[PDB]
RNA sequence: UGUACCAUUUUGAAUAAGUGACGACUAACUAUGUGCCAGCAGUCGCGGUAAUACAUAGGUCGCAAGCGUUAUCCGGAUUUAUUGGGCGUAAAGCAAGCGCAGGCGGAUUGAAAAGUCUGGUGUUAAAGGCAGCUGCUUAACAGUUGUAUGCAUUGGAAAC
RNA sequence: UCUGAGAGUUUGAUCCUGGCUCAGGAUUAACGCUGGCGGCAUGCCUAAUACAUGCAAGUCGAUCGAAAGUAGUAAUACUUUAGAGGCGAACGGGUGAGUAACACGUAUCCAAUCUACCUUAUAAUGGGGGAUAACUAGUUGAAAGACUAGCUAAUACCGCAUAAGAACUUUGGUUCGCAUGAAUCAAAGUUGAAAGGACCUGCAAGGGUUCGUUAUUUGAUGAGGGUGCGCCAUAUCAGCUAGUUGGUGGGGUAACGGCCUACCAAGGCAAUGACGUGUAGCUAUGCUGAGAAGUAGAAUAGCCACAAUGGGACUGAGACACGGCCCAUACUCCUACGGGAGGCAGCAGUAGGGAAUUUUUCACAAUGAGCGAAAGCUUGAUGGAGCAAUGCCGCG
Ligand SMILES: [Mg+2]
Ligand SMILES: [Mg+2]
Ligand SMILES: [Mg+2]
Ligand SMILES: [Mg+2]
Ligand SMILES: [Mg+2]
Ligand SMILES: [Mg+2]
Ligand SMILES: [Mg+2]
Ligand SMILES: [Mg+2]
Ligand SMILES: [Mg+2]
Ligand SMILES: [Mg+2]
Ligand SMILES: [Mg+2]
Ligand SMILES: [Mg+2]
Ligand SMILES: [Mg+2]
Ligand SMILES: [Mg+2]
Ligand SMILES: [Mg+2]
Ligand SMILES: [Mg+2]
Ligand SMILES: [Mg+2]
Ligand SMILES: [Mg+2]
Ligand SMILES: [Mg+2]
Ligand SMILES: [Mg+2]
Ligand SMILES: [Mg+2]
Ligand SMILES: [Mg+2]
Ligand SMILES: [Mg+2]
Ligand SMILES: [Mg+2]
Ligand SMILES: [Mg+2]
Ligand SMILES: [Mg+2]
Ligand SMILES: [Mg+2]
Ligand SMILES: [Mg+2]
Ligand SMILES: [Mg+2]
Ligand SMILES: [Mg+2]
Ligand SMILES: [Mg+2]
Ligand SMILES: [Mg+2]
Ligand SMILES: [Mg+2]
Ligand SMILES: [Mg+2]
Ligand SMILES: [Mg+2]
């Protein structure tokens, strides 16, 4: 039940997230298992520096993403790669 | 200072405890009957009750396994 | 097959006055944290002489860990070199 | 935030703002340490600490700098490659209001600082309000347009007296700066390098 | 949240400076009053009727939206000295001997490889430290990349 | 490629040993004087003292009966939920009392283990039964409630038919291991399952998608145990230990195990520091130092322990459960005197202690969590806004 999700390491009035493979029951901004890639809401372009290798490994293992994470995988096109690798 | 969820869970687990206690006592009396008058017939009943309890989760499946194994050891030793 | 290997310790039996046991002693030369000089230590581990190994007093014995057979007993005897005493 | 007795401070240290405007004056041509106890004996034999402190005070009053800012800049410069006696001089001279003075659009350094704080100065591709921004040679520091019509613009645009290390392209007030100031352009008011050692001791 | 921010928007220097010190360590001195009294003090020490050390004023010096005093921790302290101290006269050789355990130990050969050196692998969570860069008007700060130490296993070295 | 400053002070004067003091940083800081603003960050170190008050985990009608309301001549349509049921309430949040030891860090062995939802793959989801919530009526009361007799429904519960594969054994083979001992068969015996919902099509019959259920298979995450090493002061603490050490049979535990039991033995640790006393959450790290290292374990993050004190247990994959249950102790409160209610070391806040440390606030808008198909709902976690020169930085 590992879950690829975000994690905040910004400051007041300036968030900054990191996509990371982490367990369901562990708190936000805590201990994780493997790092996927950072993200800035206000990065204009290339907002999600994605990994595309260990992320695919973890979804193949059975990680359940979140709404925002699924969106981030979508614009780059990682959802296509996952679905076609499933097929 | 009290929660409806907690109260409802208590009211449910009372009934669950009653039913599960009945089943466990049935298993106890069956295995005791087997050991009292050892006979290969009663081992089947022990098997059935232990397996049913193990599936339902009332009893730990590993305890059901050990009960089966030790009763079969007793039967094989006696026969 | 591939099997993970247990940890080993080589020692000399110090005493044996019970049923199926042998209190062996293992030495080590851990460095000192501050003055950086080797220091000889002594700890008396215990093992069981289940059979075929005997390993009476004064016998230099190899020892391999195992799942705990009892309280304070987690080691078993193995190959014996320099059989004496 | 600055002293209002620059005459007194210049008379004490002995060094003015390189023009002697606060030493010539219109009265008495006084070049003595201020206060009643100014014309006394015991002139030389200043201790090592005393002369280090005097030189440091002259340096950090020549630009209107707070000592804490001085420690901050020194801690910034100290870690890099090695002997940065050519780098920390650029670091100390790269102040924005200081660059405005050597541009020549203000009568005095602190007046230029006041203009910078009031927002009559622009930057390469942005605007600047704080009079402490560290600059690098190459940024087109173009002056404002609505400040070229203010009743005090004459001496501002009379920048023909300019330092060679600030290039304006006269009559266009572009005011960039390349060819970083040398020790010649940093006159004998403070030309010493053991103030560096004093800040090395008092700042790790 | 009508918030950050922006504009030729009216008015106008208008709405804004304190604290410690001045005999030496430690940058910075004169007068008035008191007269071993009143008081100061981190240390040496000032005050007994000419006080640059006390109280006030003036002047000057160090910092500054902060400045002093207090408490604790580290350094300076080689002042528990592995790095890095000593025991005749300054603190320190037991009154002397026989001495188990421990520490140290003559020369040469062989083996193994427990110490020692070195290669590969796994790991030492993230944040923090150091180096580089980006973004906040620059900074503080945020983010990003690199960056060790130890343990275990396996493969070699054989001088001690 | 690291990399280190000193001075004053014993004497009439000098050299040395030697102690004291100062020049530098830093804090969860407090006090005096004074005081304009902004960007970040921190803010009960003491009484794990006691708490007024208001909020802090619910969700699903697409599981189920009933009830209510709005429309409708009716048949019926829509909305809402007291109750049964499923899932979640063991996460998340706080505090550091206790604990000197496998508590923690590191490296490992689990041939001595568990793991709900999740991932891959593989067989089924057929047919019956008896009840009880809600409701009705009576007794007892101001009400909380409680007791008694009838009425119902299911994905609640209990049988039965059936095992692709499962579990426990028998027969001999395979490959063996590290001593117990594991791994794979071919045949056989015994034992063993459940539940339907939503929607579409189809005159119907039937068919279909999806959610979900039973039995398995693969991983992954998470939990638990054992061991080597590291980890305070004290000898003005020298003996400690009788389930303590070991063996046999059985029981119990997810598992090995004196974990427990009956029998037989006397052993086990200890001057290389047991045991006793005192103190303390441990660590990554913070501050300092040229370095070796000294010191505190702010904020935050990993792990452990606790929930007024002390015990026990149900449900459950997982608790011996902060805002679940039972009992005792202490305290406070309510009463119509029979009986009851309570646990802020959750968010604010009050009293008290102290030199001293803040709103009795707004929003789920983003991130995360739980339920749900969605509508959404809940989220004092979280994000903001107040207060405070508390610290760094910046401007007047
Ligand atoms: Mg044994
Ligand atoms: Mg045994
Ligand atoms: Mg005074
Ligand atoms: Mg005075
Ligand atoms: Mg020292
Ligand atoms: Mg000292
Ligand atoms: Mg000495
Ligand atoms: Mg002597
Ligand atoms: Mg002698
Ligand atoms: Mg003597
Ligand atoms: Mg002798
Ligand atoms: Mg000897
Ligand atoms: Mg790390
Ligand atoms: Mg950073
Ligand atoms: Mg003298
Ligand atoms: Mg507290
Ligand atoms: Mg309801
Ligand atoms: Mg909890
Ligand atoms: Mg928190
Ligand atoms: Mg404590
Ligand atoms: Mg469950
Ligand atoms: Mg029925
Ligand atoms: Mg059912
Ligand atoms: Mg059946
Ligand atoms: Mg030092
Ligand atoms: Mg902490
Ligand atoms: Mg704390
Ligand atoms: Mg309490
Ligand atoms: Mg259970
Ligand atoms: Mg509570
Ligand atoms: Mg609870
Ligand atoms: Mg509170
Ligand atoms: Mg929300
Ligand atoms: Mg402040
Ligand atoms: Mg400032």
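Cβ sites come from the backbone with ideal geometry, for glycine too, and all protein chains shown count toward neighbours. Derivation of every value follows stated rules applied to the coordinates shown; laboratory data play no part.
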Segment C:37-56, residues that are within 16 Å of ligand 1 (Cβ to nearest atom) and without any contact (Cβ under 8 Å) to a residue 40 or more places away in the chain
C:45, C:46, C:47, C:48, C:49, C:50, C:51, C:52, C:53, C:54
Tally of residues being more than 6 Å from RNA strand E (Cβ to nearest atom) and exposed (fewer than 14 other Cβ atoms within 10 Å of the Cβ) across segment D:41-68
7
Can you spot a residue in segment D:123-138 that is touching a residue at least 40 places away in the same chain (Cβ under 8 Å), in a helix (DSSP H, G or I), within 18 Å of the chain's Cα centre (by Cα) and under 30 Å from residue D:52 (Cα atoms)?
no
Of (1) part of a helix (DSSP H, G or I); (2) under 27 Å from residue B:16 (Cα atoms); (3) without any contact (Cβ under 8 Å) to a residue 40 or more places away in the chain, residue B:31 fails just (3)
So which pairs qualify, if the first residue must be in segment B:51-65 and away from chain C (no Cβ under 14 Å), the second must be within 12 Å of ligand 29 (Cβ to nearest atom) and not in a helix (DSSP H, G or I), the Cβ gap must be under 6 Å, and the two must be at least 6 apart or on different chains?
B:53/B:59
What helices (runs of 4 or more DSSP H), lying completely within segment D:1-91, carry at least 2 residues that are within 16 Å of RNA strand F (Cβ to nearest atom)?
D:48-62, D:67-78
Applying the selection to segment D:107-122, what residues are within 23 Å of residue D:182 (Cβ to Cβ) and touching a residue at least 24 places away in the same chain (Cβ under 8 Å)?
D:109
